[PDB]
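What the coordinates show
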Amino acid sequence: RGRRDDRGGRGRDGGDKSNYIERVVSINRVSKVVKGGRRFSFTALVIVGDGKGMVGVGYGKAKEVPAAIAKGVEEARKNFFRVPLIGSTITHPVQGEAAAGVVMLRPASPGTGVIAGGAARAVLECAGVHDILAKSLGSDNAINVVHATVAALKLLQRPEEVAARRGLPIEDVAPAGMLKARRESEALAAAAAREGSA
Amino acid sequence: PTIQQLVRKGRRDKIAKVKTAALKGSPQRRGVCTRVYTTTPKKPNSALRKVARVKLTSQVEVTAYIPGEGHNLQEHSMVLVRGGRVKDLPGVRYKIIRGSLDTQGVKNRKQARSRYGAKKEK
Amino acid sequence: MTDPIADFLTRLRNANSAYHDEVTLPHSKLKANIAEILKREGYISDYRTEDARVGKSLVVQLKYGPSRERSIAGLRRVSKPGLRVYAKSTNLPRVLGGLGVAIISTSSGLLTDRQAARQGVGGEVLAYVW
Amino acid sequence: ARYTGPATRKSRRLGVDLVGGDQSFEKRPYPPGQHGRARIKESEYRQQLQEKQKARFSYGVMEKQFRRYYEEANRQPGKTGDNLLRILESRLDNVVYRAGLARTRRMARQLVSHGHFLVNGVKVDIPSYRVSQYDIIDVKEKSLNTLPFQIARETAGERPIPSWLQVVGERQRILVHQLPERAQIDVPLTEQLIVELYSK
Amino acid sequence: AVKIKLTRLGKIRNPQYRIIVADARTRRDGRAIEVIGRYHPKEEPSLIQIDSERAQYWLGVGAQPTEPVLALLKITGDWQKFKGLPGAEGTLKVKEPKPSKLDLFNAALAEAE
RNA sequence: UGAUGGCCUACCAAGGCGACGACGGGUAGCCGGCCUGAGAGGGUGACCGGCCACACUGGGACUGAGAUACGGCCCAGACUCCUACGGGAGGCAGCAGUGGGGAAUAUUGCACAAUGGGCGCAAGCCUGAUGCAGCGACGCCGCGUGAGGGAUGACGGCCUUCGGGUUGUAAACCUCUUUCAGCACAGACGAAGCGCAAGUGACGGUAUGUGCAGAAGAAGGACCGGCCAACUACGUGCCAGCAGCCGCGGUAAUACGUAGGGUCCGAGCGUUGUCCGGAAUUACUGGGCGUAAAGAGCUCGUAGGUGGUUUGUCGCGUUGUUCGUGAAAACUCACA
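Cut-off values and rules
Residues numbered from 1 in each chain as written, not as in the entry; some residues may be left out. Chains lettered and ligands numbered in written order. Part of a larger assembly, values for the part shown. Heavy atoms only, no water. Near = heavy atom within 4 Å. Polar contact = N/O pair within 3.5 Å; in protein donor to acceptor, adjacent residues only side chain to side chain. Helix = DSSP H or I, 4+ residues; strand = E, 2+ residues; numbered from the N terminus. Nonpolar A, V, L, I, M, F, W, Y, C, P; charged D, E, K, R; others polar. Axes fitted to C-alpha atoms, helices over the stretch in contact; angles between N-to-C directions. Parallel < 35°, antiparallel > 145°, perpendicular 65-115°, else oblique. Left-handed = near helix turned anticlockwise from the far one by under 90°. Contact = heavy atoms within 4.5 Å. Core = buried A, V, L, I, M, F, W, Y, C linked by side-chain atoms within 4.5 Å. Buried < 20%, exposed > 50% of the residue type's maximum accessible area, 1.4 Å probe, protein only. Buried area = accessible area lost by both parts, 1.4 Å probe. Salt bridge = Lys/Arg side-chain N within 4 Å of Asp/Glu carboxyl O. Pairing = 2+ DSSP bridges.

For this entry, the PDB record names cryo-EM as the structure determination method and reports a resolution of 4.7 Å.

Listed below in structure tokens is the structure:
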């Protein structure tokens, strides 16, 4: 990650669609003991996402930091993931795990803000979150924390899922509480679509 | 874990892990210093640091460091000892305030200018 | 042997999780009504009680949609022996933030979170399923 | 109480217009000092600190008075980001500045220092004064006839008066109407970073 | 016995008073059996707001107002009810009418345009 | 004895208390609260409030409606003082302040003007309570030390690449009205107070407002390896030193020290001491026990917990409801 601001006379810089916010959490130096020597490589964990919400996770094990970053980016492009929410909240409190890492997530009042740890802040804000509450415990690490973030996010679904499972509609599934929250979410979305129509 | 057994007994914290032992958790004490012989720091931090042993008014005999370059304290001095944490030295967890009861501020200290008892330059 | 309803819920959890499409049970009225309300809200397919060892037996069919997927998300007795749990009319917990449903054995019988909230009596909650 | 330094050096360090028309800051956009050119170890810590320092140095507000602003904003029922910007847009000197009657934030600072303003009939030499809605505002004649203040009032081609402030006559009567609304303030860089940082 | 007292409240330069009923053997700021009034010399009209019928009861059972407390009672005309010598009438003055919160800006707008 | 009551007393009888912890050791006044914590939870009883205990020490007694009777008493000691040496006389954990302790805690102050209390029919008398002032950035809250123009930045410092740059629109200068401070002038609410004699404020001529004068009289304080915003140069080269950790100095340190130069805060600014959370680091919320901390060497079983299916009762647990209820301040909402 050195000397990345360059203005040359070459062709282009590989810009594309999918105006995705990228983030990198950490890279630890990786040591292979060859017979009497140490080879050093890099391990990048790349989290890409969109303000709409859809997320991707990639993992570049490359002896070069830019190669590791690119490998993580393209794996996240390969390994995408979608999250349902409610406006700027979470549909329901959840807990996720990666083998030692535990993450708790919870909806918050509108405008409360993404209160999350350093790694969680990135893994969340890459999505469409603006206001939820979350925390993590265990694993004394970050790779497992990031991995558990997506694990918790996976437990997210619309009220339609429980409505179909019960056969019964919302109400018991989605009570006024969430009912009005999702009404606000979809009304704001519809107003934005109407404004962008003209 | 056996809720009834919790009712029987349990749920105490581990250990206080006390730090200060001068007395009363004093923000500072005062006492008489002695044994101001300099000893050796850790091997990687090869140097020599000037310290002393102070019998405070708290009736405990502790080990204080002499921060800065120059010192004013000698034997039979009314030194004011504050708490400290010197990982560079074994069993040394105290300092003596400069520009105070006994020890004059460190001469010409200018990077800190509040520590080391360095008064305002006129 | 100490707890029958916890074993009820444990058998439901294992049988649904291990992809079985049915489970068999002794018919004590408690679990009978538990599975009754379960099909009432539709996390299971259908329960039927017939005759067995000296008592009777309830057989429960778990509701699976287009694939081998269970409408049940999970089961957990809360008001267990040694930690029996009581609740009131106001602070009636909302299951999965309100998404799911619960069991609350009211003085007026058996009710869930929403029903008791519409009515307003409490005293004993039980497991919840979402 | 009151700070001492000018705004050009802080503008250069924080890299944003703090005077508003600072010729010398755009002359030297890099931070002041031998190593404004030298690249900084970038951190979101630095981003948030720069944001809060821009907020503090833009209005003439100062740090201890600024922290209670965030605290009272969080106490407000609305989201803290909204309340902080509203209240920072609710100061007496801010109210008189947005009317275009003061060429600088320090203009209004020294004006309330001297006592050249009047709210609802009471003279408040206190810049930390809070001006409520529908307050009656007036300017004393001793300052009114002063030459630079005559220039400021008569050449008031400065920033336009927001909809929640209304200069309604030659008496410089700023008949305030409503609160500074988020849709109406047109605020500089946002304050959600401040809320998230302080909440921890 | 029992006395109706004036007790002090507020910050330093501006005094305020609560008209309480209490035992003499207490202090100026003890446990009030019941707050029956309030009064402030600092405010313009020395404005007093008193729980009336409770004071009537306590005078009936034998409450003995302090000398300025009794003065305040007469200032109210309350002492003209329990004793009832001329009959009870409004004796205390009042704060001046003063404009409202909204009419001030209404007049300001009218003057402006 | 005011009333019950081994409260006491004569007799009778042998009970009564505990592992749901007696009896002991140590420890501590306690609550409205306060503070941390998202919450639970945790820590405190500052001050302001509510009660209790205690007033050289230990025993005893008094009276009055009422006594550990702090400025009531006797008796036994201590200590101190005076002593015709025979003997007597003394008690601030009240307001000041003195000495001692300790790092640390202040006046031997003004009025009873307002409030409260006691005596007096009252006038009035008494209150080191109270109302006030003095002393401490002890702490909070609020204000000022100015302001604009002003160049290619002058003077200079520092780097320097030797160009030039940081200082720096800073500056020198040209103008602005001067807050507050300083000088003069008036200047009280608080008091519808009391007194029935014509008066009545310690606070306080303070504020308050009324003219005056010029930028004029008012800024320092930490950091700059990373964590963690702030770097270079120069200097000491394992020395000097710095560091909350990890850790920087064995000639070129952005870590030391020194200079600029930058970060930030500001009459403050940092250091020490302590508590909460972060800690899930007691895991009720919200932990584990094959290899990391953790299943006794193995049995039974007292206490304890603990429970099969089903009929009726009770509604103790549990929930639903009405009311008394939880001082004020607390803390918050809303108003001034």
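Regarding the protein's contact with RNA strand F
Lining the immediate environment of RNA strand F, one finds 136 residues, of which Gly 25, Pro 27 and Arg 113 of chain B together with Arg 28 and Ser 113 of chain D sit closest. Of what RNA strand F places within 4 Å of the protein, 77% of the atoms are sugar or phosphate. Separating a sugar or linking oxygen of RNA strand F from a backbone N or O atom of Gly 83 of chain B is a distance of 3.4 Å. Broken down by element, the surface near RNA strand F gets its largest block of residues, seven residues, from helix α3 (residues 44-59) of chain D. The class makeup of the residues in the surface near RNA strand F is 42 nonpolar, 40 polar and 54 charged.

Considerations on the packing of α3 of chain D against helix α11 (residues 192-199) of chain D
Residue and element names in this part refer to chain D. Look at α3 against α11: their axes get within 9 Å of each other, and the N-to-C directions meet at 115 degrees. Relative to α11, the element α3 lies roughly perpendicular. Along this stretch, α3 crosses α11, giving a crossing that reads as left-handed. Contact residues: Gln 48, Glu 51 and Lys 52 in α3; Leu 193, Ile 194, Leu 197 and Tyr 198 in α11. Looking at side-chain class alone, the contact of α3 with α11 contains four nonpolar, one polar and two charged residues.

A few points about the nonpolar core
In terms of nonpolar packing, the biggest core is built from 35 residues, with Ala 35 and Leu 38 of chain C touching the most fellow members. For this core, the elements supplying multiple residues, two or more each, are α4 (159-166) and α5 (176-197) of chain A together with α1 (4-17), β1 (22-26), α2 (29-41), β3 (56-61), β4 (101-104) and β5 (125-129) of chain C. Element by element, the count of residues in this core is highest for α1 of chain C, at five residues. The residues touching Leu 38 of chain C, leaving out its near neighbours within four places in the chain, are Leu 12, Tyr 43, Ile 44 and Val 129 of chain C. Residues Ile 90, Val 103, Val 150 and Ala 152 of chain A belong to the second largest nonpolar core, which totals 27 residues.

Observations regarding the interface of chain A and chain C
Between chain A and chain C, the residue contacts involve 15 residues of the former and 19 residues of the latter. Of the roughly 1,200 Å² buried between chain A and chain C, counting both surfaces, carbon and sulfur atoms make up 49%. Counting the surface chain A buries against chain C, the share from its top three residues, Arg 165, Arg 166 and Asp 172 of chain A, is 51%. Between chain A and chain C we count three salt bridges in total. Of the charged contacts in the structure, one is a salt bridge between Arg 114 of chain C and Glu 171 of chain A, with a shortest N-O distance of 2.7 Å.

Some details on the sheet that holds strand β5 (residues 64-65) of chain E
Residues and elements named next belong to chain E. Within the open sheet, the five strands sit side by side as β4-β3-β2-β1-β5. Their pairing is mixed. With partners counted over all chains shown, the strands left at the sheet margins are β4 (48-50) and β5, one partner each. Of the pairings in the sheet, the one linking strand β1 (residues 2-9) to β5 comprises two bridges and is parallel in character. Its bridge partner lying in β5, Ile 4 is registered against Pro 65. Contacting β1, β2 (16-23), β3 (34-39), β4 and β5, helix α1 (residues 52-61) crosses the sheet at an angle of about 120 degrees to β3. Sitting on the sheet, helix α2 (residues 67-76) touches β1, β2, β3, β4 and β5, and the angle it makes with β1 is about 90 degrees.

Here we look at the environment of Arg 12 of chain B
One can find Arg 12 of chain B in the loop between α1 (3-8) and β1 (29-34). Along the backbone, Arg 12 of chain B and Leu 73 of chain B are 61 residues apart, and their C-alpha atoms lie at a distance of 46 Å.

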